[PDB]
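> Here is the input, now give the coordinates:
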Amino acid sequence: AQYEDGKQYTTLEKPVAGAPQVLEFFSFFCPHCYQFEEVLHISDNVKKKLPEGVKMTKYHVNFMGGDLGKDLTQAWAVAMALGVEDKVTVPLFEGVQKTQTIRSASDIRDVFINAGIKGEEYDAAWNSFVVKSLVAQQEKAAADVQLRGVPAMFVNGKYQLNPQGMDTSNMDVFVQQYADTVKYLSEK
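Numbering: from 1, shown residues only. Below is the structure:
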């Protein structure tokens, strides 16, 4: 066929019921994730080719960067609760991988302050039980699909994107192939 299991995607031997339609995993320590966000804009291009009534979920993971990794998963929960994903995503990436000015929870917090979130609002969210369960959600979803690597995208808890198998001589062709693939799997 043109799309075949094991080439642009793989199928989970153990499907995950009740999974979000398009589930994306990343880490701010993850170099390809940086690419995916700032150079390729994968999430956005996927969105542009999906229908609507299709929700897109993106979660942070713990298994990179030890103690700071977890802080970042909690911070992303805060970002989700407050709806400020599009204001902190880029400075978190650059703070971790470009400038390397993020070294503690306090530095993560500074990024949010600089992006205009109020200290009091950040600290209350950080400490809220709504953020606690949002952290648990991120963890549960990763645990459900045996996640040992990022970036990763899952469709309907049954298919996993396999970017290893797409041409990378052209970045724009790579992205569209990636997005068309998500759309194919979506319609499957």
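
> Would you confirm that residue 27 contacts residue 70?
No - between residue 27 and residue 70 there is no contact under C-beta atoms under 8 Å: 10.9 Å. C-beta: built from backbone N, CA, C; applies to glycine.

> And these two? Which one has more around it.
The neighbour count for residue 27 versus residue 70, taken as other C-beta atoms under 10 Å, is higher for residue 27 (24 against 17).

> who touches the more buried one in this structure?
By C-beta atoms under 8 Å, 6 or more residues apart in numbering, the contact set of residue 27 is 33, 60, 61, 63, 64, 65, 69, 72, 150.

> Who are the contact partners of the fifth one?
It refers to residue 64. Residue 64 neighbours (C-beta under 8 Å, 6+ apart): 27, 29, 30, 150.

> Kindly report the same for the last one.
The neighbours of residue 150, taking C-beta under 8 Å, 6+ apart as the test, are 25, 26, 27, 30, 32, 33, 61, 64.

> Next, residue 6: phi, psi?
Residue 6 has phi and psi values of phi 80, psi 0 when expressed as degrees, to the nearest 10.

> Next, find the distance separating it from residue 160.
Separation of residue 6 from residue 160 (C-beta to C-beta, to the nearest Å): 11 Å.
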